[PDB]
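Here's the structure, in structure tokens; my notes come after.
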Amino acid sequence: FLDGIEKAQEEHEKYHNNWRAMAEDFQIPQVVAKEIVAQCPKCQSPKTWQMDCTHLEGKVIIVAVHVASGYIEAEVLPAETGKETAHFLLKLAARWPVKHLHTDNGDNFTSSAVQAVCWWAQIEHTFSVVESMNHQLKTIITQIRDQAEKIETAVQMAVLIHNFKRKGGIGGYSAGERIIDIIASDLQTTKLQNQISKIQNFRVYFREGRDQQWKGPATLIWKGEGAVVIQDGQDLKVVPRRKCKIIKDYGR
Amino acid sequence: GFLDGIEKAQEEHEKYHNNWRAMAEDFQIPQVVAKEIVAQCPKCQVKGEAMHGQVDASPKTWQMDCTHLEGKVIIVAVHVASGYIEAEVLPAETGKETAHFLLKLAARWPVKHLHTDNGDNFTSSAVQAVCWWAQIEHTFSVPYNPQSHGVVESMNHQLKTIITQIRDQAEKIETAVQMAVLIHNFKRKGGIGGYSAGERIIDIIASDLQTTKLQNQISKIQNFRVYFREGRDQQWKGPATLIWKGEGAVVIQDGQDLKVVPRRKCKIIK
Amino acid sequence: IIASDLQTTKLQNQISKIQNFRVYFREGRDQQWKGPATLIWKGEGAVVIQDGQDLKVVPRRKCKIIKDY
Amino acid sequence: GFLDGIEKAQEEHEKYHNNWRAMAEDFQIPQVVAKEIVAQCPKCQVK
Amino acid sequence: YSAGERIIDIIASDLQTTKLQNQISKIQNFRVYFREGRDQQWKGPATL
DNA sequence: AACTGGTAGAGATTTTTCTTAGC
DNA sequence: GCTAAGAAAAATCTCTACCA
DNA sequence: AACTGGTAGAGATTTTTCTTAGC
DNA sequence: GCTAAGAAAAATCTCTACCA
Ligand SMILES: O=C(NCc1c(F)cc(F)cc1F)c1cn2c(c(O)c1=O)C(=O)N1[C@H]3CC[C@H](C3)O[C@@H]1C2
Ligand SMILES: [Cl-]
Ligand SMILES: [Mg+2]
Ligand SMILES: [Mg+2]
Ligand SMILES: [Zn+2]
Ligand SMILES: [Zn+2]
Ligand SMILES: [Zn+2]
């Protein structure tokens, strides 16, 4: 156990590993490995989208793209007012978690209706990838145009072929697998951070061997079934449970 | 004896239609005879068997239905294993708009199985052509039995309660529909893992892909075949693939079927 | 000759006593009870019956299956 | 139903005076009514 | 075979052995919620 | 401040009764 | 003659639809 | 021959956590 | 310093209406 913590600290001092790899290699819990990463001075987005409008056959196609994965959602608009752009943004924010929207300085994007939608759904709008996505979508649309009667069917068939049928990148994944893996990794991070804060609201008085007195207040990191890991004096150490007292702390 | 009582009980049931306890007490026949007299009458037998079944909950199954609100037509689709909702307002209840809603849904999320009722928009050639092109299995419920798709009708109820909660913050009904979808998907927690519906659909689909890749890498380097003895007759079946050897039993795969066999009836050969 | 007819009558007795069931079901928009039909397949939740040379699927909650002694 | 079996077994015991296990296996009636058919005959006895 | 195919095959087989022993525990770190017969509540977290 | 769901049947599970073979 | 295995017949327990 | 009720909230009961007095 | 009573806060279990 403590040998695993010592090997993890020496290996991070050499190579600066991440906490998932250290927890899987050295067989330590994840809160301990995250503390080892968080104590290092040299070691201290999944919700950003971009939007644009374009033209095809006299129609208006609005395109939104998830940036870290390349994931496309598109639609055909009857006009280019601010109310239709606000309805598209409200549908997108109701289906995927959107926190940061990046657009250009168009007219319909600089509007009171889009501003009211961003106020209600709590999005950060920023005015200045989508050009490459418009070119790629237009090549697929021309590649499958003879199978559809209307332009709306061809647009949605091209979105399906782009998202699930084209493979590339490092491991040969599509865009849907990449967006799902990215958001799932972020969810794991936030749940572990909630556990970390709830544990770190405590305090530990511990008694070393060959002494009767209690030492200073060390902060609890992990409380197991038979052992207790504490941080004290910028040092992580493992004390048995029969030489410890854990009390609540009020130091806000 | 009671054989004359059997004859009088048959005449009595032919006139009055007694239940079995009345005949078994008034004619002093055994209860099996009285139950048979009642069971051979067609004017009786008006009662079901009092149980419920259980719908399909595979990780790529969706259910779809339509509802009405303030003179409009809403169309609701639910992901069954997680509870994830998509919804829209249709200008008409035809088959063209239903085919376009299904095409957009199949472009956004992976759909392989769809369950619907027998309305005129879901049994249509446009929805048939979209399911053919996008490779979906479309199944229909038993007619006039809404319990076969209980998840989407329960979500009709939840959507209407949220819409009445936030009705005064919007002007039109399409705005209030999309605000209700956001509040259901992301602002309500509680359930299997303490998740919301968006977190649950992310966890379910990511877990599906991860576990296929892991057991592909495990099974591509396996060995230690197992010959096992099972059945009513003590025969011996051929090459089976050992998957996991445990404290008490082993797990084998035979002809693409999973089986759990104890250690006394199997022999491992490297 | 006689013993073969004894074996044939025994096997036909077991075959006839396996699956001679009657089904009273309830179907339609106005859910009325209808006459006896022949059971074909019985799964958990629903059954498939043959009535008047027509196959129908009824749930097990809307049908009664009568066996023989 | 076995009600026609009860009538047929009564005719058959009136001819040949069967026992009760024979009638209960041949005519597929329950054992209580077959024992009662043997009990009502003044010449036979259930054994 | 030449030398490059030999060195690639050797390191690949060694990696497959050690990663097998880790991947089994990795696949057993999932949790399953299941349903038995004629009971309509989802039973607790068994292990896959 | 003084009001309110219930009835009966279809199967499943547990218990009692009855015949017969073995020691 | 006494005892126990096996099966038949009876008793109890849980669950469902319909009543404007 | 291959079909099927479910979702989420209001209380009641059981369990875990936290402070303080007594020996 | 150690132990137990008491109460607060959290976790589990049973039951209901509505969905054309
Ligand atoms: O009675 C309904 N719901 C209430 C309810 C429930 F949801 C779940 C339950 F367990 C019990 C319930 F009483 C209901 C009725 N119908 C339709 C519905 O979708 C629907 O939900 C529907 O679409 N059709 C189309 C197909 C043929 C035509 C048009 O008649 C039917 C009527
Ligand atoms: Cl229907
Ligand atoms: Mg419907
Ligand atoms: Mg419905
Ligand atoms: Zn570092
Ligand atoms: Zn009757
Ligand atoms: Zn006689």
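Starting from 1 in every chain, residues are counted up; chains themselves are A, B, ... following the order of the structure tokens, and ligands are numbered from 1 as listed.
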Next on the checklist: Could you list, as a ChimeraX atom specification, all protein and nucleic acid residues with an atom at most 10 Å from ligand 1, counting only C-alpha atoms (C1' of nucleotides) and all ligand atoms?
Outcome noted: /B:64-67,116-122,141,143-157 /C:29 /H:5-6 /I:18-20
For the contact check between chain H and chain A, emit one row per residue of chain H within 12 Å, containing the shortest atom pair and the distance in Å rounded to one decimal, counting only C-alpha atoms (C1' of nucleotides), chain then rising number order, as CSV.
```
residue,atom,partner,partner_atom,distance
H:17,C1',A:248,CA,11.2
H:18,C1',A:248,CA,9.2
H:19,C1',A:248,CA,11.3
```
Keeping only N, CA and C atoms (P, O5', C5', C4', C3', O3' and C1' of nucleotides), take the residues you just selected and write them out as a compact mmCIF listing (two decimals), in the first residue's frame.
```txt
# COMPACT_ATOMS: atom_id res chain seq x y z
P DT H 17 -22.12 6.58 9.02
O5' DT H 17 -22.26 8.03 9.68
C5' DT H 17 -22.97 9.04 8.99
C4' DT H 17 -23.30 10.20 9.90
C3' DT H 17 -22.13 10.76 10.71
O3' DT H 17 -22.14 12.17 10.61
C1' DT H 17 -23.94 10.33 12.13
P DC H 18 -20.81 13.02 10.88
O5' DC H 18 -21.17 13.88 12.18
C5' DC H 18 -22.35 14.67 12.18
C4' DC H 18 -22.72 15.10 13.60
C3' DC H 18 -21.55 15.51 14.49
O3' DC H 18 -21.82 16.78 15.06
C1' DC H 18 -22.95 13.99 15.61
P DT H 19 -20.64 17.67 15.69
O5' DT H 19 -21.11 17.89 17.20
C5' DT H 19 -22.32 18.58 17.47
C4' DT H 19 -22.89 18.20 18.82
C3' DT H 19 -22.02 18.58 20.03
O3' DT H 19 -22.76 19.43 20.89
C1' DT H 19 -22.84 16.37 20.22
```
Item to check | Contacts with ligand 5 at most 7 Å, only C-alpha atoms (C1' of nucleotides) and all ligand atoms counted, listed as a list in words | outcome: residues 12, 13, 16, 17, 37, 40, 41, 42 and 43 of chain A
Let's have the selection written as a short mmCIF file (atom, residue, chain, number, x, y, z; two decimals), in the first residue's frame, with N, CA and C atoms.
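Result file follows (again15.cif):
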```cif
data_model
loop_
_atom_site.label_atom_id
_atom_site.label_comp_id
_atom_site.auth_asym_id
_atom_site.auth_seq_id
_atom_site.Cartn_x
_atom_site.Cartn_y
_atom_site.Cartn_z
N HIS A 12 5.93 9.70 -10.60
CA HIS A 12 5.41 11.00 -11.01
C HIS A 12 6.48 12.08 -10.95
N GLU A 13 7.44 11.95 -10.03
CA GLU A 13 8.52 12.92 -9.97
C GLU A 13 9.43 12.81 -11.19
N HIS A 16 5.82 12.51 -14.57
CA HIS A 16 4.59 13.31 -14.44
C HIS A 16 3.38 12.63 -15.09
N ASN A 17 3.02 11.47 -14.55
CA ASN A 17 1.91 10.70 -15.09
C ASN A 17 0.58 11.29 -14.64
N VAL A 37 -1.29 14.18 -8.06
CA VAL A 37 -1.24 15.09 -9.20
C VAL A 37 -1.48 16.53 -8.76
N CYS A 40 1.50 18.76 -7.29
CA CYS A 40 2.67 19.05 -8.12
C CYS A 40 2.58 20.48 -8.66
N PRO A 41 3.67 21.25 -8.62
CA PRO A 41 3.60 22.63 -9.11
C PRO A 41 3.57 22.77 -10.62
N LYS A 42 4.15 21.84 -11.37
CA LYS A 42 4.20 21.94 -12.82
C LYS A 42 2.94 21.42 -13.50
N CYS A 43 2.09 20.69 -12.78
CA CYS A 43 0.86 20.15 -13.34
C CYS A 43 -0.35 21.02 -13.04
#
```
Next on the checklist: Let me see if you get this right: every residue at most 7 Å from ligand 7, counting only C-alpha atoms (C1' of nucleotides) and all ligand atoms, written as a ChimeraX atom specification.
Outcome noted: /D:13-14,17-18,38,41-44
Nearby residues, ligand 6, 12 Å, only C-alpha atoms (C1' of nucleotides) and all ligand atoms, as a short mmCIF file (atom, residue, chain, number, x, y, z; two decimals) with N, CA and C atoms, in the first residue's frame:
```cif
data_model
loop_
_atom_site.label_atom_id
_atom_site.label_comp_id
_atom_site.auth_asym_id
_atom_site.auth_seq_id
_atom_site.Cartn_x
_atom_site.Cartn_y
_atom_site.Cartn_z
N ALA B 9 -76.72 -31.24 -10.35
CA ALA B 9 -75.89 -30.05 -10.37
C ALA B 9 -75.70 -29.51 -11.78
N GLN B 10 -75.64 -30.40 -12.78
CA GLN B 10 -75.54 -29.93 -14.16
C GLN B 10 -76.82 -29.24 -14.61
N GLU B 11 -77.98 -29.77 -14.22
CA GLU B 11 -79.24 -29.09 -14.55
C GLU B 11 -79.37 -27.76 -13.83
N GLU B 12 -78.90 -27.70 -12.58
CA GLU B 12 -78.96 -26.47 -11.80
C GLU B 12 -78.07 -25.38 -12.41
N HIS B 13 -76.85 -25.74 -12.83
CA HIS B 13 -75.98 -24.76 -13.47
C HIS B 13 -76.51 -24.34 -14.83
N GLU B 14 -77.22 -25.23 -15.52
CA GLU B 14 -77.79 -24.87 -16.81
C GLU B 14 -78.89 -23.83 -16.67
N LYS B 15 -79.56 -23.79 -15.52
CA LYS B 15 -80.61 -22.79 -15.34
C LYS B 15 -80.09 -21.52 -14.65
N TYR B 16 -79.30 -21.67 -13.58
CA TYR B 16 -78.99 -20.57 -12.68
C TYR B 16 -77.56 -20.05 -12.77
N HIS B 17 -76.64 -20.83 -13.34
CA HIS B 17 -75.21 -20.51 -13.46
C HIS B 17 -74.55 -20.27 -12.10
N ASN B 18 -74.55 -21.31 -11.26
CA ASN B 18 -73.90 -21.23 -9.96
C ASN B 18 -72.39 -21.22 -10.12
N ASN B 19 -71.70 -20.76 -9.08
CA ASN B 19 -70.26 -20.95 -9.02
C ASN B 19 -70.01 -22.29 -8.35
N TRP B 20 -68.74 -22.68 -8.20
CA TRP B 20 -68.48 -24.06 -7.82
C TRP B 20 -68.74 -24.32 -6.34
N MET B 23 -72.55 -25.28 -5.72
CA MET B 23 -72.91 -26.64 -6.11
C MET B 23 -72.23 -27.67 -5.22
N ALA B 34 -67.27 -30.03 -9.31
CA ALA B 34 -67.94 -28.74 -9.41
C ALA B 34 -67.13 -27.75 -10.24
N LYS B 35 -65.80 -27.78 -10.08
CA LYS B 35 -64.95 -26.94 -10.92
C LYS B 35 -65.01 -27.35 -12.38
N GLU B 36 -65.17 -28.64 -12.66
CA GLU B 36 -65.29 -29.07 -14.06
C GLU B 36 -66.62 -28.65 -14.67
N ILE B 37 -67.70 -28.70 -13.89
CA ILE B 37 -69.02 -28.26 -14.36
C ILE B 37 -68.99 -26.79 -14.74
N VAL B 38 -68.32 -25.96 -13.92
CA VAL B 38 -68.21 -24.54 -14.25
C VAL B 38 -67.29 -24.33 -15.44
N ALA B 39 -66.21 -25.12 -15.54
CA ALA B 39 -65.24 -24.95 -16.62
C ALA B 39 -65.75 -25.41 -17.98
N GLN B 40 -66.86 -26.14 -18.04
CA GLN B 40 -67.43 -26.53 -19.33
C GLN B 40 -68.59 -25.64 -19.76
N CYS B 41 -68.67 -24.41 -19.26
CA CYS B 41 -69.76 -23.50 -19.62
C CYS B 41 -69.21 -22.31 -20.38
N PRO B 42 -69.71 -22.03 -21.59
CA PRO B 42 -69.22 -20.87 -22.34
C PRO B 42 -69.84 -19.54 -21.95
N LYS B 43 -70.98 -19.53 -21.26
CA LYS B 43 -71.56 -18.27 -20.81
C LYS B 43 -70.77 -17.67 -19.66
N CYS B 44 -70.07 -18.52 -18.91
CA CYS B 44 -69.03 -18.12 -17.97
C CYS B 44 -67.74 -17.94 -18.76
N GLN B 45 -66.59 -17.98 -18.08
CA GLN B 45 -65.26 -17.69 -18.64
C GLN B 45 -65.20 -16.25 -19.16
N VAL B 46 -65.39 -15.31 -18.24
CA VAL B 46 -65.14 -13.91 -18.56
C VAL B 46 -64.24 -13.29 -17.49
#
```
Checklist outcome for this item: note - CA of residue 83 in chain B and CA of residue 106 in chain B are separated by 16.9 Å
Next on the checklist: Please list as a PyMOL selection string every residue within 9 Å of residue 36 in chain C, counting only C-alpha atoms (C1' of nucleotides) and excluding residues in the same chain fewer than 3 positions away.
Outcome noted: (chain B and resi 42) or (chain C and resi 22-25+51)
Next on the checklist: With 12 Å as the limit and counting only C-alpha atoms (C1' of nucleotides), what residues in chain G lie close to chain D? Please list them as a PyMOL selection string.
Outcome noted: chain G and resi 7-9
Next on the checklist: List as JSON, numbers by chain the protein and nucleic acid residues near residue 10 in chain H, meaning an atom at most 12 Å away when only C-alpha atoms (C1' of nucleotides) are counted, but skip any in the same chain fewer than 4 places from it.
Outcome noted: {"I": [14, 15, 16]}
Let's have the selection written as an mmCIF file, in the first residue's frame, with N, CA and C atoms (P, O5', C5', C4', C3', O3' and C1' of nucleotides).
```
data_model
loop_
_atom_site.group_PDB
_atom_site.id
_atom_site.type_symbol
_atom_site.label_atom_id
_atom_site.label_comp_id
_atom_site.auth_asym_id
_atom_site.auth_seq_id
_atom_site.Cartn_x
_atom_site.Cartn_y
_atom_site.Cartn_z
ATOM 1 P P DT I 14 -41.282 -3.245 0.815
ATOM 2 O "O5'" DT I 14 -42.758 -2.644 0.732
ATOM 3 C "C5'" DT I 14 -43.430 -2.273 1.922
ATOM 4 C "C4'" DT I 14 -44.436 -1.166 1.664
ATOM 5 C "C3'" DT I 14 -45.478 -1.461 0.585
ATOM 6 O "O3'" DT I 14 -46.752 -1.081 1.058
ATOM 7 C "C1'" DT I 14 -44.466 0.602 0.177
ATOM 8 P P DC I 15 -48.088 -1.658 0.385
ATOM 9 O "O5'" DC I 15 -48.703 -0.398 -0.375
ATOM 10 C "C5'" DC I 15 -49.069 0.743 0.361
ATOM 11 C "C4'" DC I 15 -49.352 1.914 -0.555
ATOM 12 C "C3'" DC I 15 -50.233 1.596 -1.760
ATOM 13 O "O3'" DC I 15 -51.288 2.531 -1.838
ATOM 14 C "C1'" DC I 15 -48.328 2.791 -2.421
ATOM 15 P P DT I 16 -52.672 2.143 -2.549
ATOM 16 O "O5'" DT I 16 -52.956 3.360 -3.534
ATOM 17 C "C5'" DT I 16 -53.025 4.671 -3.034
ATOM 18 C "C4'" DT I 16 -52.542 5.669 -4.063
ATOM 19 C "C3'" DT I 16 -53.215 5.571 -5.410
ATOM 20 O "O3'" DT I 16 -54.278 6.494 -5.472
ATOM 21 C "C1'" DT I 16 -50.838 6.004 -5.572
#
```
For range 20-32 of chain E: contacts at 6 Å, only C-alpha atoms (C1' of nucleotides), fewer than 2 positions along chain excluded, given as a compact mmCIF listing (two decimals) with N, CA and C atoms, in the first residue's frame:
```txt
# COMPACT_ATOMS: atom_id res chain seq x y z
N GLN E 16 0.54 -9.24 -25.04
CA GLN E 16 -0.78 -9.87 -24.97
C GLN E 16 -0.97 -10.67 -23.69
N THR E 17 0.09 -11.33 -23.22
CA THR E 17 0.01 -12.10 -21.98
C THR E 17 -0.28 -11.21 -20.77
N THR E 18 0.55 -10.18 -20.56
CA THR E 18 0.40 -9.35 -19.36
C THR E 18 -0.89 -8.53 -19.40
N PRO E 45 -26.91 -4.01 -7.71
CA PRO E 45 -25.74 -4.02 -8.59
C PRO E 45 -24.89 -5.28 -8.51
N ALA E 46 -25.22 -6.30 -9.30
CA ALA E 46 -24.35 -7.45 -9.44
C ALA E 46 -23.12 -7.08 -10.27
N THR E 47 -22.18 -8.01 -10.39
CA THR E 47 -20.96 -7.75 -11.16
C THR E 47 -21.02 -8.48 -12.49
N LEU E 48 -20.54 -7.81 -13.54
CA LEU E 48 -20.52 -8.39 -14.87
C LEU E 48 -19.40 -9.41 -14.99
```
Within 9 Å of chain B: each chain A residue with its shortest pair, only C-alpha atoms, as a tab-separated table:
```
residue	atom	partner	partner_atom	distance
A:72	CA	B:108	CA	8.7
A:73	CA	B:108	CA	7.5
A:87	CA	B:175	CA	7.6
A:90	CA	B:178	CA	6.8
A:91	CA	B:178	CA	6.2
A:93	CA	B:182	CA	7.3
A:94	CA	B:182	CA	4.2
A:95	CA	B:182	CA	7.0
A:96	CA	B:198	CA	8.0
A:97	CA	B:186	CA	8.2
A:121	CA	B:182	CA	8.9
A:152	CA	B:100	CA	8.6
A:153	CA	B:100	CA	7.6
A:156	CA	B:104	CA	6.1
A:157	CA	B:107	CA	7.1
A:158	CA	B:107	CA	8.6
A:159	CA	B:107	CA	6.1
A:160	CA	B:107	CA	4.2
A:161	CA	B:107	CA	8.0
A:163	CA	B:107	CA	7.5
A:164	CA	B:107	CA	8.2
A:176	CA	B:109	CA	8.1
A:177	CA	B:206	CA	7.9
A:180	CA	B:202	CA	6.2
A:181	CA	B:206	CA	6.3
A:183	CA	B:202	CA	7.4
A:184	CA	B:202	CA	6.2
A:187	CA	B:199	CA	7.7
```
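The interatomic distance for the pair CA of residue 111 in chain A and CA of residue 75 in chain A works out to 19.6 Å.
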Next on the checklist: Residues near residue 199 in chain A, anyone? I mean within 8 Å using only C-alpha atoms (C1' of nucleotides), not counting same-chain ones fewer than 2 positions away, as a PyMOL selection string.
Outcome noted: chain A and resi 195-197+201-202+220-222
Since we have the selection now, will you write its residues out, keeping C-alpha atoms, as a tab-separated table (two decimals), in the first residue's frame?
```tsv
chain	number	residue	atom	x	y	z
A	195	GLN	CA	-16.35	12.90	-3.43
A	196	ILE	CA	-13.01	14.66	-2.85
A	197	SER	CA	-14.55	17.81	-1.36
A	201	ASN	CA	-14.16	18.49	5.10
A	202	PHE	CA	-12.70	16.39	8.01
A	220	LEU	CA	-7.92	13.10	5.89
A	221	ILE	CA	-7.53	11.97	2.28
A	222	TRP	CA	-8.91	8.43	2.28
```
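Note that DSSP on the backbone gives helix (DSSP H, G or I) to these residues of chain E: residues 3, 4, 5, 6, 7, 8, 9, 10, 11, 12, 13, 14, 15, 16, 17, 18, 19, 20, 21, 22, 23, 24, 25, 26 and 27 of chain E.
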Checklist entry - Which of these, D:10, D:16, D:45, D:26, has the shortest distance to chain C once you count only C-alpha atoms? => result D:26
Next on the checklist: For the structure I just gave you, how does DSSP split range 37-265 of chain B - specifically, which residues are strand (DSSP E or B)? Reply as an MDAnalysis selection string.
Outcome noted: chainID B and resid 61:69 72:79 84:90 113:116 137:140 225:228 237:245 249:253 258:262
